[PDB]
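Summary of the model geometry
The primary structure of each chain is shown beneath.
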Amino acid sequence: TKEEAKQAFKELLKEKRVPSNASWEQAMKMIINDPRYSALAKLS
């Protein structure tokens, strides 16, 4: 179940670039901006 959602997160990070210079906080914001983020929250 929730296992599929976890996989999406890992795949999302791989799909998007995450420069070492950046930071986890910045990387998190990057995925949040993505419209997909809104859909993830709705999950319904």
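The name that the PDB entry assigns to the protein is Pre-mRNA-processing factor 40 homolog A, with the source organism given as Homo sapiens.

1. Concerning the overall build of the protein
Helices and strands together make up the secondary structure of the protein, namely three helices and zero strands. In sequence order, the protein lays out its α and β elements as α-α-α. Burial analysis of the protein (44 residues in total) assigns 9% to the buried set. Accessible area of the protein: about 4200 Å², with a carbon and sulfur share of 57%. Across the protein, the mean location of the 9 positive side-chain charges is 3 Å away from that of the 6 negative side-chain charges.

2. Some points on empty space enclosed by the protein
Within the structure shown, the criterion is met by one cavity of 30 Å³ or more. Considering only enclosed or pocket space, the largest cavity measures out at about 30 Å³ in volume. As for the largest cavity, its lining consists of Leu13, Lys16, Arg17, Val18, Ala27, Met30 and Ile31. Looking at the lining of the largest cavity, its residues break down into five nonpolar, no polar and two charged.

3. A few points about the side chain of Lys16
Position of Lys16 among the secondary structure elements: in the loop between α1 (2–15) and α2 (24–33). Residue class for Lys16 comes out buried when judged on its relative accessible area of 17%. Polar contacts involving the side chain of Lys16 include one to the side chain of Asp34, which spans 3.2 Å. For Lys16, the contacting residues outside a window of four places in its chain are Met30, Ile31, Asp34 and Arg36.

Quick notes on the rules
Residues numbered from 1 in each chain as written, not as in the entry; some residues may be left out. Heavy atoms only, no water. Helix = DSSP H or I, 4+ residues; strand = E, 2+ residues; numbered from the N terminus. Buried < 20%, exposed > 50% of the residue type's maximum accessible area, 1.4 Å probe, protein only. Areas by Shrake-Rupley, 256 points an atom, 1.4 Å probe, with all protein chains shown as cover. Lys, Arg positive; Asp, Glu negative; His and termini not counted. Charge placed at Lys NZ, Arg CZ, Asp CG, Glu CD. 1 Å grid on protein atoms, 1.4 Å probe; cavity = no way out; pocket = protein on both sides within 12 Å on 5 of 7 lines; lining within 4 Å. Points joined across faces, edges and corners; volume = space filled by probe spheres on them. Nonpolar A, V, L, I, M, F, W, Y, C, P; charged D, E, K, R; others polar. Polar contact = N/O pair within 3.5 Å; in protein donor to acceptor, adjacent residues only side chain to side chain. Contact = heavy atoms within 4.5 Å.

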